[PDB]
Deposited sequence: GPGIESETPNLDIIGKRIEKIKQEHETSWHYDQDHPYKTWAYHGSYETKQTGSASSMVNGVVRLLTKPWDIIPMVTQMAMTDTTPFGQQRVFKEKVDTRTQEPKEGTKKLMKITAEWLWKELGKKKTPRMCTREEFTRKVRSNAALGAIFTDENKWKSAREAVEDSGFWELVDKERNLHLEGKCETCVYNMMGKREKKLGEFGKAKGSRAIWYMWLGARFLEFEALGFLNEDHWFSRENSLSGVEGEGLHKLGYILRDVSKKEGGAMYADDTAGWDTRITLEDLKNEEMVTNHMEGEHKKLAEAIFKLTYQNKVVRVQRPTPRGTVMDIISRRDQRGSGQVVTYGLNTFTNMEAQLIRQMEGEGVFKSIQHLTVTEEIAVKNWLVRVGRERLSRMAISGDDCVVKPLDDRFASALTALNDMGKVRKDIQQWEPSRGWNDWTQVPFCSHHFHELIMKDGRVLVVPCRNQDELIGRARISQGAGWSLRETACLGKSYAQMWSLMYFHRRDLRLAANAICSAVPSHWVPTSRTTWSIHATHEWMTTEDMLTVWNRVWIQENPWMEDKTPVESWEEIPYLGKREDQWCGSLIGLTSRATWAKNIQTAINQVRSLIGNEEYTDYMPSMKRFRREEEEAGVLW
C-alpha cells in the first residue's frame, strides 16, 4: 500500500489543489479510491474513400457497413488467491521455463539510441501528448532526459514519482514517454532479442508471420496424440493474479548490475503496484490503485502473456497425464515427479503447442486433457463460452482450428507443390480495409493506406477471387511509385515499392523451408485459388449479379478514382488476370 504509491498520489493532489475532493459516491469496489479533480475532454473510425469506391458491391452488405459505425464492468472484478498445490506447481514450472528460455540468450539493457530509432519510425509505444507535441520532438530536447534521469535514480533508490497509468473486451493503459523509456530499457530485450521465437521457446511464434502459422499448425498435427484444443480465456488481462506477476519477476534472477535493480523496480513499483487516472462523467479525474491484473506496455504485455500462458498449458498437460493428484497440496515426492517430468519431456511438450499471448493451440498426449480443469480454473484462467466443469471440445482436423483470428487451407499448385495459406470471413477483411484511424488524412495518404491493404491481400489472400481482383484494381488506381503507409505498425513484407510477384516468389518459394523445389513462378496465373465452393463458404460474392457487374466494368471504377487523384503516372495491373488478358 501507501509507502510505494503515496509519493505518486501526493504529487498529483498538489497540481489540482484547487479541485481536490474525496468523493463519497464513487463506483469502485475492487479498485482502491484516493480522490478526484476537474477535467473535461473525450476518437472514432473514419471511412477510406479510395477502398470503398473500388468495393461497391459491399455497400449493401450489413456485416461490412456496420463495422464502420460507433468491458469496464470486467476490470472491476476480483480474482481469488490459488491453493498451495497450485502455487507450488506455478513456481516450479516458471523457475524451469526461465532457465530454458535463458540457455541461449543473455539479458541486457536497451538504449536511448535504440529507443530514438523506434520513435523516429512510428512504432505504437502508447504514450500521451503538455510540454512537447509529439514523441519525435521530446527525444532530441536534452531537458526530457534530465527528467528521465531524475526518475531513473529514484528507481535505484527503490521509489517512484511520475510512472502513472491512463485508462481509455479491450482496455489500453498509456504512460508518459519517460516511463515507457524506463520500461523499454529494463524489459525490451524480451521482444528485441526474440525470447519467444519458435527456435528459442518451442511453443512461441514471435516474428513468424501469417504465411508460417499454417505450416506450424500442420507440423503440430503430425505428432501422435489426441484432438487439437484451442480454448479462449475470458478477459485474460483481468485474470492475471499477483502470483502470476511474482513468477514473471523471476526473470530478474538471470540479470546483474544496474540492470537487475532497474528491472526489479519496474516489476515492484509499476506492475505489482499500479496508480491509474480515469475520466468519469458525473467530468472528473479519479485516482485509483490496485496490485493485480495486467496493464504494462502492449509489447511487454505480449511477451509476459506468452510466458504465463506457456506455464498454464504445461500444467494442464501435467494434470491430464496424472503427474499430480490434487491442487490442495503437493506431497514431497510429487514435487520430485513434477521436476522429473519437466527434465525428461518438458521440451517435447512445448513443441506440441502454438502460443501467441492469450491465444493457444495444444495437441496433448491424449484426450484426458479435455476434462483436466482443476488447475486451469484455480489459476483463474476460466474458459470463454462453456460451463466451468464441462469438458473441452477439441478439433479433429488442423484446417478447422482457429488461431490468431484465422484458419488455414491446404492448396495444391498446378505443378503439384503445396501451399498452406491463411484465411478468414471475407466480410471481416473488406470491412477493415474500408476503415482509417485519425484526422488530417490528405487524399495522397488515404490512397497510400489503401495500397498497403491491397499489397497485403496479394501476398496473404491471393487465393480469394474477390480480393485478388480488388487488389489489382486498387494498385491500378493509385500512382505506381507512391509508397504504402500505415500510422500503427509480425513480418510486414507487403510494405514496399518492389514488384509484388517478386515478393510472392521470395516469401512462398525462395525463403519457405516447407518447399523443396525452388523453381520460381513466372506469372500470377501459375498461382492458384481455393475451390469455387470453398471461396463462397469463406464469404465470396462469386455467382451474384452485383459481383459480375463490378468485375465486367472494373476499368470504369479505376478511372473514377484516377480522375479524383489527378494526372499522375499509373500502371494497369488487370491484364495479369486471365479474363482481362484479351
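- Residues of the deposited sequence lacking C-alpha coordinates, counted from 1, fall in the stretches 1-9, 52-53, 82-91, 151-153, 193-207, 322-324, 532-535, 629-637.
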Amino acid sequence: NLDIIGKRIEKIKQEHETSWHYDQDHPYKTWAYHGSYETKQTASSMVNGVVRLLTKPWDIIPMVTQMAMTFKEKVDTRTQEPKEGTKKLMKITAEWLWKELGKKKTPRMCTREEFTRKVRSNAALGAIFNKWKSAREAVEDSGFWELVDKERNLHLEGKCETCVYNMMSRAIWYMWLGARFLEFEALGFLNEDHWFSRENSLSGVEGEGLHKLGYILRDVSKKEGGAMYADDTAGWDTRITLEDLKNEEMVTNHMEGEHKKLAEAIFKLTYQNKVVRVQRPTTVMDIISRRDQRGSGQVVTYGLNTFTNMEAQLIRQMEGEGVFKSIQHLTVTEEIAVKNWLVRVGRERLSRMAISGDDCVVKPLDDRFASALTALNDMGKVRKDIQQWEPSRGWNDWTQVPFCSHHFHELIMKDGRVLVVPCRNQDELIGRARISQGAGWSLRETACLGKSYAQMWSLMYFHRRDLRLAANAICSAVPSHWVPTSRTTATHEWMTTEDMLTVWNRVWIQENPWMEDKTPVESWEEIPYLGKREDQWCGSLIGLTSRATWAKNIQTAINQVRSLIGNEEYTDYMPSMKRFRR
From here on, numbers count along this sequence of modelled residues.
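So that the term is clear: the rigid core is the largest set of C-alpha atoms that superpose within 1.5 Å between two forms.
- Between stretches 333-341 and 291-299, greater average Cα displacement in 9 other deposited structures of this protein relative to the shown form, fitted by the core, falls on 291-299.
- Remark: when the other structures in 9 other deposited structures of this protein are fitted onto this one via the rigid core, 463-471 deviates more than the alternative among 310-318 and 463-471, judged by RMS CA distance.
- Judged by the one-third criterion across other entries of this protein, residue 129, though modelled here, is missing from at least a third of those that model both its neighbours.
- Modelled in this chain, residue 71 is nonetheless absent from a third or more of the other compared entries whose models extend past it on both sides.
- Comparing 205-213 with 178-186, the higher mean C-alpha B-factor in the PDB entry belongs to 178-186.
- The mean C-alpha temperature factor is higher for 258-266 when 258-266 and 347-355 are set side by side.
- Within the listed group 399, 191, 496, 142, the record reports its top CA B-factor for 142.
- Per the deposited record, 30 carries the highest C-alpha B-factor of all listed residues (30, 556, 65, 536).
- Sort the chain's modelled residues by C-alpha temperature factor and residue 527 lands in the middle third, per the entry.
- Among the modelled residues of its chain, residue 40 has a C-alpha B-factor that falls in the highest third, as given in the PDB entry.
- Annotation for residue 415: CA B-factor lies in the middle third of the chain's modelled residues.
- For residue 107, the recorded CA B-factor ranks within the middle third of the chain. Only modelled residues enter the ranking.
- Placement of the Cα temperature factor of residue 72 within the chain: highest third of the modelled residues, per the deposited record.
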